[PDB]
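One structure is given here, and the rest of the page talks about it.
Here, each number is a calculation from the coordinates, and none is a lab measurement. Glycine also receives a Cβ, built like all others from the backbone with ideal geometry; neighbour counts cover every protein chain displayed.
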Amino acid sequence: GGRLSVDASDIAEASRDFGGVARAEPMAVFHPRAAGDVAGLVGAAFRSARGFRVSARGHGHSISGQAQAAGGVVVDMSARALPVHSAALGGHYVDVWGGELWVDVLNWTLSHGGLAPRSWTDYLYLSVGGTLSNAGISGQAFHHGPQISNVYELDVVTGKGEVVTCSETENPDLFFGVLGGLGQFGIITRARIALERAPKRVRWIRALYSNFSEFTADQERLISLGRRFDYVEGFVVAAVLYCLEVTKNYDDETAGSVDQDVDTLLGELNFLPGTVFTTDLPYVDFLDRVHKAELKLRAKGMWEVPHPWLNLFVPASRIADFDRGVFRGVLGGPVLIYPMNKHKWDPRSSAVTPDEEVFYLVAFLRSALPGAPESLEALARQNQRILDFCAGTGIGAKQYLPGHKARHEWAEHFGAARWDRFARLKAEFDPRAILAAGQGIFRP
Ligand SMILES: *Cc1cc2c(cc1C)nc1c(=O)[nH]c(=O)nc-1n2C[C@H](O)[C@H](O)[C@H](O)COP(=O)(O)OP(=O)(O)OC[C@H]1O[C@@H](n2cnc3c(N)ncnc32)[C@H](O)[C@@H]1O
Ligand SMILES: O=C(Nc1ccccc1)Nc1ccnc(Cl)c1
């Protein structure tokens, strides 16, 4: 028994996202109690004369209306199952509601056996369904793969309102389709997340580089290890400097070897001498670092501003050219940069990566000036110049969280083989194009 809402506040929240640009309004907001309610609503849309749009909304972190259902219904997804041990899988898992926020997943698993997911996002106030519809990447991805490589099973409400249990061994086409599938094939109501025994503490390290060749070579060396770091990221610093960000996870057993492990790993690096900054803190506090920054930004009215964010996966063979052309060139806010290992990404998923073993996430996490539309416009022009640069020099970059829209652009994004598979999955699972229409891939 779900609740359909026309409360102006619910409609307003469902008509906006973190991007702060796209504002397509639904007719109503649906508040489900369980998966059956979501099935009932989607089934009704599938059976309706006009076939109204239905989109699941997580924490509303989309940049360009990906969770918006124009003139349709937005499903507001955001007792709990205890983590379970499996002798067959050789480890723990936990069943979570599709709308559960990663921060709540973490608190639950830690309080029920000191367990935690292996692969994260930088920000824990994201839904499980939301990140599993993209990839879910952070400093752990190089080793454990993205969050889509750390899920055993799903319950999916298809575009026909059918509840399907899927995994690698049961309805694999739907399971792999949904993973990185941009909400196109169904709403995730359950996700079975892989867990490891959680470390208690983190040795959080930052070091500076003026030489991009040295910075990238050290990042690429670090991701090839396994003695290694548990987290590998980086960011562009305005003086242009490059910051290497690494962590070493530890507990009561490994506390006696953490100092030597860190010193041995750092001694092999080429960072600028005297630029090593170190922090020692609990695991939860490190993982929740972005939420701490959010509370400060909200206090200064600098959180609820437009975010014209651009995320690219750049092949490592083209990272050098990307730099003097972009970081020195086009740019002259936070710019993330770190490499990942493609072998940790299952090629059966809908996720789109460059055709190279090592590729970088290059994240332009820009904030427009509050109440200043011209700031958003200038930042959007900068984003287009970055795409023009990639196109003009033939960098085979792929957009992460793509905001494309044109049919030939989606064809180019996926490539022929992946596009054909994606279209066949849509015909099978959402033939009326009811689901996640805000992604702008298909029409009824
Ligand atoms: C705002 C933000 C985003 C973010 C981040 C930090 C911030 C402050 N850090 C990230 C990181 O380190 N790594 C990464 O992989 N992504 C990061 N992000 C981006 C984020 O993952 C995406 O914005 C993603 O969409 C998750 O956000 P959210 O949970 O808010 O979900 P949504 O934006 O409402 O909807 C996204 C799309 O998925 C569909 N959807 C939503 N829930 C479901 C379920 N349960 N099942 C199926 N599809 C679902 C929406 O309809 C939409 O198309
Ligand atoms: O947004 C992030 N990562 C991200 C976002 C979208 C796609 C991929 C990565 N990371 C992050 C780190 C520090 N502060 C803030 Cl506000 C955000």
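So, by mean Cβ neighbours within 10 angstrom, what's the order for 362-374, 108-120, 129-141 with the highest one leading?
Highest to lowest by the protection proxy: 129-141, 108-120, 362-374.
For region 200-400, report the convex hull volume of the alpha-carbon atoms normalised per residue, in Å³, without decimals.
Roughly 147 Å³ of hull volume per residue.
Give the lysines whose C-alpha is closer than 19 Å to that of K300, dropping any in the same chain fewer than 8 places away, or say none.
Within the straight-line cut-off, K300 pairs with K292.
Taking Rh as the Kirkwood radius, which is the inverse of the mean 1/r over Cα pairs, what is the Rg/Rh value for region 1-142?
Dividing the radius of gyration by the Kirkwood radius yields 1.02.
Take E168 and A411, extend 7 Å from each Cα along the Cα→Cβ direction, and tell me the distance between the two endpoints in nm.
It is 3.5 nm.
With runs of 4+ DSSP H residues as the only contributors, calculate the mean residue ellipticity of the chain at 222 nm using -39,500 (n - 2.57) per run, divided by the residue total and rounded to the nearest 500.
-8500 deg cm²/dmol
Dividing the Cα convex hull volume of region 114-162 by residue count, how many Å³ per residue is that?
Looking at region 114-162, the number lands at 104 Å³ per residue.
Which of the residue pairs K296/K405; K296/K344; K342/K405; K342/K398; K248/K296; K160/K398 have a Cα-Cα distance greater than 24 Å in the structure shown?
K296/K405; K296/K344; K342/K405; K248/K296; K160/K398
For the peptides 27-33, 267-273, what is the packing order when you average, over each peptide's residues, the other Cβ atoms within 10 Å and list the highest mean first?
Ranked from most to least packed, the peptides come out as 27-33, 267-273.
Over all pairs of distinct alpha carbons, what does the Kirkwood formula give as the hydrodynamic radius of region 232-328, in Å?
Taking every pair of different Cα atoms in region 232-328, averaging 1/r and inverting gives 17.1 Å.
As an exercise, identify the trypsin sites (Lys or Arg not before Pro) in region 374-431 lying in DSSP coil whose Cβ has no more than 15 other Cβ atoms within 10 Å.
Taking region 374-431 and a limit of 15 other Cβ atoms within 10 Å, the loop trypsin sites (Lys or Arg not before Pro) found are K405.
Take the Cα gyration tensor of the chain, multiply each eigenvalue by 5, square-root it, and list the three semi-axes largest first, rounded to whole angstrom.
34, 27, 21
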